[PDB]
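Q: Structure provided below as structure tokens; questions to follow.
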Amino acid sequence: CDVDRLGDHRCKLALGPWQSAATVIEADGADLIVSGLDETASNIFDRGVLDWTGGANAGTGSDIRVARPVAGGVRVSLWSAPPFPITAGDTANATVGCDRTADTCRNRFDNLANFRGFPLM
Amino acid sequence: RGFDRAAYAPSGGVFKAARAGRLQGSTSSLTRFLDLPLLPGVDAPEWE
């Protein structure tokens, strides 16, 4: 499905509730541990983005390759190390990741009106 | 050339799958033997 990046105008994602606000408990480059994220939020933010309001990034976020809940708050493994050194406690915005599998698109948002998905051919 | 171990770490993929149904199932037919009186509109109705 072309729900793809959420909030795209063609995609017409609901947005709203899934998006979350977080801060970084620890700075580990790609594997920085974060706080303010629920265990439920982890694995739903998998394939998501982690825009960092704090610091030079100023809302620029490396894609989160994997989100796994860990003690001390969810540890986020980014696809790539963030540009610039990111301080712990930097403000961050947590975003959902859409697998784009037709079933996943349906389960998470069910945008039948705007699903560019061709599951059965 | 810049390279990252993290960049090469695997996401694991989406594992997309599509449902499929194939062929038909054999059965034992319930054959019924009928002995109705022969009727008009049927060709050669004697020993049928």
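What follows draws every value from the coordinates through simple rules; no lab data is involved. Don't worry about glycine lacking a Cβ; one is built from the backbone with ideal geometry, like all the others, and counts go over all protein chains shown.
Q: Quick one: compute the contact order of chain A, relative version, from alpha carbon pairs under 8 angstrom and 6+ residues apart, as a percent.
A: Values: 282 pairs, mean separation 40.9, N = 121.
Reported relative contact order: 34 percent.
Q: Count neighbours as other Cβ atoms within 10 Å of each site's Cβ, and list the trypsin sites (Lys or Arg not before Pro) in region A:3-105 that are DSSP loop with at most 11 such neighbours. Intermediate values should be presented prior to the final figure.
A: Details: sites: A:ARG5, A:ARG10, A:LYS12, A:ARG47, A:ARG65, A:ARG75, A:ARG100; in loops: A:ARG5, A:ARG10, A:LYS12, A:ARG47, A:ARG100.
Answer in residue order: A:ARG10.
Q: Using the Cα centre of the protein assembly as shown as the reference point, and only Cβ charges (+1 on K/R, -1 on D/E), how large is the resulting charge dipole? Debye, rounded to the nearest 20.
A: On the way: 17 positive and 20 negative charges, 92 e Å.
The calculated dipole for the protein assembly as shown is roughly 440 debye.
Q: How big is the dipole moment of region A:22-121 about its Cα centre under a simple scheme where the beta carbon of each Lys and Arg is +1, that of each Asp and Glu is -1, and everything else is neutral? Debye, nearest 20, please. Present the calculation step by step, with values, prior to reporting the outcome.
A: Working: 8 positive and 12 negative charges, 70 e Å.
It works out to roughly 340 debye.
Q: Identify, among A:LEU15, A:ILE33, A:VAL76, the residue whose Cα sits farthest towards the positive end of the charge dipole of chain A, taking +1 on the Cβ of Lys and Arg and -1 on the Cβ of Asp and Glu, with the dipole about the Cα centre.
A: A:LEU15
Q: Compare the Cα positions of A:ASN93, A:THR53, A:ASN107 along the charge dipole of region A:25-108 (+1 at Cβ of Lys, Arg; -1 at Cβ of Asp, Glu; about the Cα centre) and return the one farthest towards the positive end.
A: The residue sitting farthest along the positive end of the dipole is A:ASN107.
Q: Under the rule of -39500 (n - 2.57) per DSSP H run of 4 or more residues, summed and divided by the residues of chain A, what mean residue ellipticity at 222 nm is obtained, to the nearest 500 deg cm²/dmol?
A: Numbers: 1 runs with 7 residues, N = 121.
Counting only the DSSP helices, I get -1500 deg cm²/dmol.
Q: Taking H as built 1.01 Å from N, whose amide H comes closer than 5 Å to the amide H of A:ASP90, not counting residues under 5 places away?
A: Excluding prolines and chain starts, which carry no amide H, the hits are A:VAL24.
Q: Treating only the Cβ atoms of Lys and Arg (+1) and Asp and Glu (-1) as charged, compute the dipole magnitude of chain B about its Cα centre; round to the nearest 20 debye. Intermediate results must be reported in sequence, preceding the final value.
A: Working: 6 positive and 5 negative charges, 211 e Å.
Dipole about the Cα centre, nearest 20: 1020 debye.
Q: If chain B were replaced by its equivalent ellipsoid, with semi-axes equal to the square roots of 5 times the Cα gyration tensor eigenvalues, what would those be, largest first, whole Å?
A: Working: eigenvalues 1066, 28, 10 Å².
Taking √(5λ) for each Cα gyration eigenvalue gives 73, 12, 7 Å.
Q: When the scattering of chain A is computed by the Debye formula from its Cα atoms alone, each counted once and equally, what is log10 I(q)/I(0) at q = 0.10, 0.17 Å⁻¹?
A: With no solvent term, the Cα-only Debye profile gives -0.30, -0.79.
Q: While we're looking at this one, here's another question. If the rule is a partner Cβ under 4.7 Å, which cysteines in chain A fail it?
A: A:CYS11, A:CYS98
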